[PDB]
Every structure is written in structure tokens, then in C-alpha cells.
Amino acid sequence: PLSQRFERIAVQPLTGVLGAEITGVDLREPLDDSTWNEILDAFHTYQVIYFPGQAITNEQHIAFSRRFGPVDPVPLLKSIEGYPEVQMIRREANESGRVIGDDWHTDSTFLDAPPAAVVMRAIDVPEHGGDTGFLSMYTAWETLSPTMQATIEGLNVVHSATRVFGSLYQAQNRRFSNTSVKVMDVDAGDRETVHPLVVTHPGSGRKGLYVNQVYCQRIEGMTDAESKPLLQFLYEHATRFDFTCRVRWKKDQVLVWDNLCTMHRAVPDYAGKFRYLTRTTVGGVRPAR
């Protein structure tokens, strides 16, 4: 049992798939070795972890994030004044543009080395509205048939940011506001990288599916017609409701998600309401089989 497994923290799982609330820790202070090791263990098991009532400074946010690995900010997001490491998920009450992250994805997979983790802090959030969905890509992989696993385990996938800030984004109508989103170079948006379809997590050693509808373009070597149905099945499979959890935000909630083995989704159900969270990005290494 978790009450006896963990001696320095208290862990309350959110679902039988992923997610856990962590209490009995003060993120304003440096964490001792035993407390940190328990947090990391919980992170590896539960994949998305959150800490209610953590009224921390920007510096304390950065210091906590550094325990997971180096700070490596994502290309697209604006940073707060004085803190280049601390980026914004900010939506004004009156704005009606495209919602950041309103499709199932994981962050910045177009990079050669996408983020390992993101640490998100609720600054000012609605009483209700603006939950974040998460899902386990371990579970998504583990629930495929043995035959389907054998069929796809050797495949590689082409990723790019073309639909987010590349040529395909610039061709369409649904645009982000300048609140949290930078103006970007089109060539950076179109730059392709190839990642494995199934990846091994370097911390847990576990295999997970690695595909997302936002950044994945096609299966490497296949035509668009060949790739489209296989990728579409995998999106529908991974995003099955039974593979998900739903996180409700409160002021001063600090959340860490694993950017390799989870996907996440914004919920745009708070029109007319201010929503502001900050985030630091933990650098990762090249996704590997």
C-alpha cells in the first residue's frame, strides 16, 4: 500500500490508469534525497502528478523543475518578464482565437529532442472550466493486440510543426492570439524529423506508443494514402476515454507531466473567463526504441 510504500510523501491515485495527487511536501524549500526519490518514483508510476496548495515563487518553480533535468524552453511560447525559463499559458477573458493545445498531443515532438517533462503552475484559474485531459501511452501500447504490436513496432514516423507554425498553419484560418504565442519562421515550422512509433522511456524502461495528431505527418516510407488510416486508428485507440484522466485546476496547483509517455489536451469550456498558468520545460533526449 502507498501509505507504507511512501514515507516522505502521500500519494492519491486519480484513476486506475494514470494520475496522482501528491501531498506532504513543501515545494518552496529544497527537497532532500529521500523526498525527491519518492517524487521521482511516483512520477515514473503515475506519469502525471500534481501538488495542491503550493504557493511558490518563479525561482522556486524553476528550482523544482531542475530536479527533473535541464530547463529547455519550447520554441513557440512567450516567457514572463525577468524569467526566460518560465513560459505562459495565458488566455484573456475576452479573447476568441485558437485555444493552445485543444487537440490530443504531446509537446513539441517536431524537435530532434522533445521535452522530457513540463512543470505547470496555476496562477489564476476559473472555479470551473479549463480542466486538462491526460492519457497514458504505456496503456495505449499495452492494449494493442499481439498481431498489431508485431505489425507496427518497427515503424518510424515523420513529425513537423507545419500545422502549428509552418506552411499549413499559414494557409488556414484558425489562428492563435499574440497573448502566449510568438511569431515564428515558416521554415522552422516545416522542418521534418523522424521518431520511432514505439519508444522506450529512459527512466521507467517501459515501452510506449509515440504518435500524435498535431505533429505527426506520415509513417516514414509510406504514401499519405497508406499512412492516413494507420495513424488515424492509432489516434482513435490512444484517445479512448478509458485511457484518460481529467485534472481540475485550483490556484497554486503545481503539476508535472511526462512528455514522452503521456498525451494531454486543453478543454475550451471557459469562454469569458480569465485563465493563467505558467510552465517550465524540462529538456529531453532523442526518442529511442
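One rule holds for the numbers: they count along the sequence shown, beginning at 1.
J.: Among the other compared PDB entries, is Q170 dropped in a third or more?
T.: Affirmative; at least a third of those entries omit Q170.
J.: Would you please confirm whether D190 lacks atomic coordinates in a third or more of the other entries that were compared?
T.: No.
J.: Out of 255-263 and 36-44, which stretch has the higher average CA B-factor listed in the record?
T.: Higher mean C-alpha B-factor: 36-44.
J.: When the C-alpha temperature factors are averaged for each of 237-245 and 23-31, which stretch ends up with the higher value in the entry?
T.: According to the PDB entry, the answer is 23-31.
J.: Checking the record values for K207, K78, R121, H105, which has the greatest CA B factor?
T.: Of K207, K78, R121, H105, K78 has the highest C-alpha B-factor.
J.: Among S160, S180, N156, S145, single out the one with the highest C-alpha B factor in the record, please.
T.: Answer for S160, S180, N156, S145: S180, with the highest C-alpha B-factor.
J.: Based on the deposited C-alpha B factors for this chain, I'd like to know if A140 is in the lowest, middle or highest third.
T.: Within its chain, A140 is a lowest-third residue by C-alpha B-factor, going by the deposited values.
J.: Test of reading the entry: by CA B factor among the chain's modelled residues, which third contains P229?
T.: Top third by C-alpha B-factor.
J.: Is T109 in the lowest, middle or highest third of its chain when residues are ranked by C-alpha B-factor?
T.: According to the entry, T109 has a C-alpha B-factor in the chain's lowest third.
J.: What third of its chain's C-alpha B-factors does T193 belong to: lowest, middle or highest?
T.: Its C-alpha B-factor, which the entry lists for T193, ranks in the middle third among residues of this chain.
J.: Going by the recorded CA B-factors, say which third of the chain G16 sits in, lowest, middle or highest.
T.: It belongs to the lowest third of the chain when residues are ordered by C-alpha B-factor.
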